[PDB]
$ cat my_file-v5.tsv   # TSV, N, CA and C atoms
chain	number	residue	atom	x	y	z
A	1	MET	N	13.73	2.63	-30.02
A	1	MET	CA	13.38	2.25	-28.65
A	1	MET	C	12.26	3.11	-28.09
A	2	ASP	N	11.79	4.08	-28.87
A	2	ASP	CA	10.71	4.96	-28.43
A	2	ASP	C	9.45	4.16	-28.14
A	3	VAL	N	9.15	3.22	-29.03
A	3	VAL	CA	7.99	2.36	-28.87
A	3	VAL	C	8.12	1.52	-27.61
A	4	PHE	N	9.30	0.97	-27.39
A	4	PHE	CA	9.57	0.16	-26.21
A	4	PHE	C	9.33	0.97	-24.94
A	5	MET	N	9.74	2.24	-24.98
A	5	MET	CA	9.58	3.12	-23.83
A	5	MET	C	8.10	3.36	-23.56
A	6	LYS	N	7.34	3.51	-24.64
A	6	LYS	CA	5.91	3.73	-24.53
A	6	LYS	C	5.23	2.47	-24.01
A	7	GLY	N	5.75	1.31	-24.42
A	7	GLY	CA	5.20	0.05	-23.96
A	7	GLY	C	5.41	-0.15	-22.48
A	8	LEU	N	6.61	0.16	-22.01
A	8	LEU	CA	6.93	0.06	-20.59
A	8	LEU	C	6.10	1.05	-19.79
A	9	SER	N	6.01	2.27	-20.29
A	9	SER	CA	5.24	3.31	-19.62
A	9	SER	C	3.75	2.95	-19.56
A	10	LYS	N	3.26	2.29	-20.61
A	10	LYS	CA	1.88	1.85	-20.65
A	10	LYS	C	1.63	0.77	-19.60
A	11	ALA	N	2.60	-0.12	-19.44
A	11	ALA	CA	2.52	-1.17	-18.43
A	11	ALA	C	2.61	-0.57	-17.03
A	12	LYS	N	3.51	0.40	-16.87
A	12	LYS	CA	3.69	1.08	-15.60
A	12	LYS	C	2.39	1.70	-15.12
A	13	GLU	N	1.67	2.35	-16.04
A	13	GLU	CA	0.37	2.93	-15.71
A	13	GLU	C	-0.55	1.88	-15.11
A	14	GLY	N	-0.48	0.66	-15.65
A	14	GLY	CA	-1.31	-0.41	-15.15
A	14	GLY	C	-0.88	-0.89	-13.79
A	15	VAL	N	0.42	-0.93	-13.56
A	15	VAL	CA	0.96	-1.34	-12.28
A	15	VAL	C	0.68	-0.26	-11.23
A	16	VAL	N	0.73	0.99	-11.66
A	16	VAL	CA	0.39	2.11	-10.79
A	16	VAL	C	-1.10	2.08	-10.47
A	17	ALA	N	-1.89	1.83	-11.49
A	17	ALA	CA	-3.33	1.67	-11.34
A	17	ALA	C	-3.64	0.60	-10.31
A	18	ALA	N	-2.93	-0.53	-10.41
A	18	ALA	CA	-3.06	-1.61	-9.45
A	18	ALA	C	-2.58	-1.18	-8.08
A	19	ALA	N	-1.44	-0.49	-8.04
A	19	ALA	CA	-0.87	-0.01	-6.79
A	19	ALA	C	-1.84	0.91	-6.06
A	20	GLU	N	-2.46	1.82	-6.80
A	20	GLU	CA	-3.40	2.76	-6.20
A	20	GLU	C	-4.65	2.03	-5.73
A	21	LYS	N	-5.20	1.19	-6.58
A	21	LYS	CA	-6.42	0.46	-6.27
A	21	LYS	C	-6.21	-0.49	-5.09
A	22	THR	N	-5.00	-1.04	-5.00
A	22	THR	CA	-4.66	-1.98	-3.93
A	22	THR	C	-4.35	-1.24	-2.63
A	23	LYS	N	-3.78	-0.05	-2.73
A	23	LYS	CA	-3.43	0.74	-1.55
A	23	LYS	C	-4.65	1.52	-1.06
A	24	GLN	N	-5.70	1.52	-1.87
A	24	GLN	CA	-6.95	2.18	-1.52
A	24	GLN	C	-8.06	1.14	-1.39
A	25	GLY	N	-7.66	-0.12	-1.32
A	25	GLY	CA	-8.63	-1.20	-1.21
A	25	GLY	C	-8.03	-2.55	-1.53
$ encode --input "my_file-v5.tsv" --output "structure tokens"
Amino acid sequence: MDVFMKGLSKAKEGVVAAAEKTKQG
């Protein structure tokens, strides 16, 4: 499940990226 965790975390970074970009514009 390590890979799955990395996959989720990788997606999270993108959602965070979106969250920051959206909350800053």
$ atom_distance --input "my_file-v5.tsv" --atom1 "atom N of residue 24 (chain A)" --atom2 "CA of residue 12 (chain A)"
16.6 Å
$ atom_distance --input "my_file-v5.tsv" --atom1 "CA of residue 22 (chain A)" --atom2 "CA of residue 8 (chain A)"
20.4 Å
$ atom_distance --input "my_file-v5.tsv" --atom1 "CA of residue 21 (chain A)" --atom2 "CA of residue 2 (chain A)"
28.4 Å
$ axis_aligned_box --input "my_file-v5.tsv" --around "region 4-21 of chain A" --padding-each-side "3 Å" --output "lines of an AutoDock Vina configuration file"
center_x = 1.7
center_y = 1.1
center_z = -16.2
size_x = 22.2
size_y = 11.3
size_z = 28.3
$ build_atoms --input "my_file-v5.tsv" --residues "region 4-15 of chain A" --atoms "N, CA, C and O atoms" --output "compact mmCIF listing (two decimals), in the coordinates of the input"
# COMPACT_ATOMS: atom_id res chain seq x y z
N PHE A 4 9.30 0.97 -27.39
CA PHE A 4 9.57 0.16 -26.21
C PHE A 4 9.33 0.97 -24.94
O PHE A 4 8.76 0.48 -23.97
N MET A 5 9.74 2.24 -24.98
CA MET A 5 9.58 3.12 -23.83
C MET A 5 8.10 3.36 -23.56
O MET A 5 7.66 3.40 -22.41
N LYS A 6 7.34 3.51 -24.64
CA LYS A 6 5.91 3.73 -24.53
C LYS A 6 5.23 2.47 -24.01
O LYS A 6 4.28 2.54 -23.23
N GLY A 7 5.75 1.31 -24.42
CA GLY A 7 5.20 0.05 -23.96
C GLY A 7 5.41 -0.15 -22.48
O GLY A 7 4.50 -0.57 -21.76
N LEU A 8 6.61 0.16 -22.01
CA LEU A 8 6.93 0.06 -20.59
C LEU A 8 6.10 1.05 -19.79
O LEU A 8 5.54 0.70 -18.76
N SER A 9 6.01 2.27 -20.29
CA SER A 9 5.24 3.31 -19.62
C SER A 9 3.75 2.95 -19.56
O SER A 9 3.07 3.24 -18.57
N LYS A 10 3.26 2.29 -20.61
CA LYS A 10 1.88 1.85 -20.65
C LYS A 10 1.63 0.77 -19.60
O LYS A 10 0.59 0.76 -18.94
N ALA A 11 2.60 -0.12 -19.44
CA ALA A 11 2.52 -1.17 -18.43
C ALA A 11 2.61 -0.57 -17.03
O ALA A 11 1.88 -0.97 -16.13
N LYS A 12 3.51 0.40 -16.87
CA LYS A 12 3.69 1.08 -15.60
C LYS A 12 2.39 1.70 -15.12
O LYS A 12 2.04 1.58 -13.95
N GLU A 13 1.67 2.35 -16.04
CA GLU A 13 0.37 2.93 -15.71
C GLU A 13 -0.55 1.88 -15.11
O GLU A 13 -1.28 2.15 -14.16
N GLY A 14 -0.48 0.66 -15.65
CA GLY A 14 -1.31 -0.41 -15.15
C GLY A 14 -0.88 -0.89 -13.79
O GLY A 14 -1.72 -1.20 -12.94
N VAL A 15 0.42 -0.93 -13.56
CA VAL A 15 0.96 -1.34 -12.28
C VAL A 15 0.68 -0.26 -11.23
O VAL A 15 0.41 -0.57 -10.07
